[PDB]
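Below is one structure; the comments refer to it alone.
Bear in mind that the values in this text are calculations on the coordinates, not laboratory data. Virtual Cβ from ideal backbone geometry, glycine too; neighbours counted across all protein chains shown.
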Amino acid sequence: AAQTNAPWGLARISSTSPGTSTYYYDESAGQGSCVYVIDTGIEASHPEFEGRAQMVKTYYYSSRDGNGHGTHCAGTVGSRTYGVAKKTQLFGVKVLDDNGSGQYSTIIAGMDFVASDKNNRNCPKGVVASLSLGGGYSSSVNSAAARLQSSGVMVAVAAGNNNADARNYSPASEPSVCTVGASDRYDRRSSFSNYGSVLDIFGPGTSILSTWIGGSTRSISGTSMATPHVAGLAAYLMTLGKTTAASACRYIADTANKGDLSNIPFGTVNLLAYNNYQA
Ligand SMILES: [Ca+2]
Ligand SMILES: [Ca+2]
């Protein structure tokens, strides 16, 4: 299956070179898999979700996404036009308020919810968690994400937008999960993206067009944009049966475009997420 004039991020994860515009992917498109978007909530009524997105838990007065960040990331995972796995199930866990901030104990509770809620859903191909958030280091937040990954969920988290080493940021510094850095359309590391040994993979992060609240679309930048790319890629690869939740991050690093990114500091992996699809 091919989508022409795809967002540059989708065309890049299906190509070995930059500057393409077609996103190639298997037509299974993540059918049978689930992705929890642990963010500001999802506007499930957005036409681009086709009724495949729903809110399952909120920690605030409403499950409505008043920010739009959670909808943008849910779009990059599995929206029709802006989504990697165009046929995946999207579950909205709202751990942040409409300003985009939240407490660690709420984010930790939101991660423990996913580890239990997945036993009530039908996701035979597997379950993925996209965590487009982060702050200072927290051993309890790190152990929370380690708990989520240990329960059988592919945990993709953002590396942070501090232009610094991601060892000082949680849950980015938790080694058991998938820590995703950001790159731009010219195969440079995004100027904001964090780096370091703890990073596992890079994804398209700068100027990512996806869904927004009010049924609209907009393009934004951040490592929180590259994380849904990898989370949607994991669901895509898990539906194809090529990997499991416990091994998806290592598999994505195994089959990634090696050495394609510039501005990669020494000690940081030079791997860019790549679906390796051959039509
Ligand atoms: Ca190349
Ligand atoms: Ca890791």
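Return, for the Cα atoms of the chain, the radius of gyration and Dmax in Å, separated by a comma.
In order Rg, Dmax, the Cα atoms of the chain give 16.3, 47 Å.
Over its Cα atoms, what ratio of radius of gyration to 2.2 N^0.38 Å does segment 52-112 give?
Normalised Rg, Cα atoms only: 1.13.
What is the list of residues in segment 85-124 whose amide nitrogen lies under 14 Å from a point 7 angstrom out from the Cα of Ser140, following Cα to Cβ?
Backbone N within reach: 103-112.
Take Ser176, project a point 7 Å from its Cα along the Cβ direction, then tell me which residues of segment 96-120 have their backbone nitrogen under 16 Å from it.
It comes to 108-109, 111-116, nothing else.
So how do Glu50, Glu43 line up by other beta-carbon neighbours within 10 Å, fewest first?
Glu50, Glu43
Under a plain spin-label model, where a point goes 7 Å from the Cα along Cα-to-Cβ, how far apart in nm are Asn99 and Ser197?
Inter-label distance under the simple model: 3.7 nm.
Length gain on complete extension for the stretch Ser45 to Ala253, per 0.36 nm per residue less the alpha carbon to alpha carbon distance?
71.5 nm
In whole angstrom, how far apart do the alpha carbon centroids of segment 89-113 and segment 130-197 sit?
Value for the Cα centre distance between the two parts: 16 Å.
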